[PDB]
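See below for the structure under consideration.
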Amino acid sequence: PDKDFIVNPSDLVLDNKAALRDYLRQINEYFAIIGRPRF
């Protein structure tokens, strides 16, 4: 077993919730343009 998280952990860790996490990874790269959180 070389890899660790090749978007297919034999379905033994969070069935449906892959992209949902990416949404959080891009959430910041979505508001940074329209107006990154800052005052």
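By convention here, the chains of the structure tokens are called A, B, ... in the order presented, each chain's residues are numbered starting at 1, and ligands are numbered starting at 1 in the order presented.
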
### Message
I need the residues in chain A that are helix (DSSP H, G or I) according to DSSP; give them as a ChimeraX atom specification.
### Response
/A:19-35

### Query
Any idea what the distance is between CA of residue 9 (chain A) and CA of residue 28 (chain A)?
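Those two atoms sit 26.5 Å apart.
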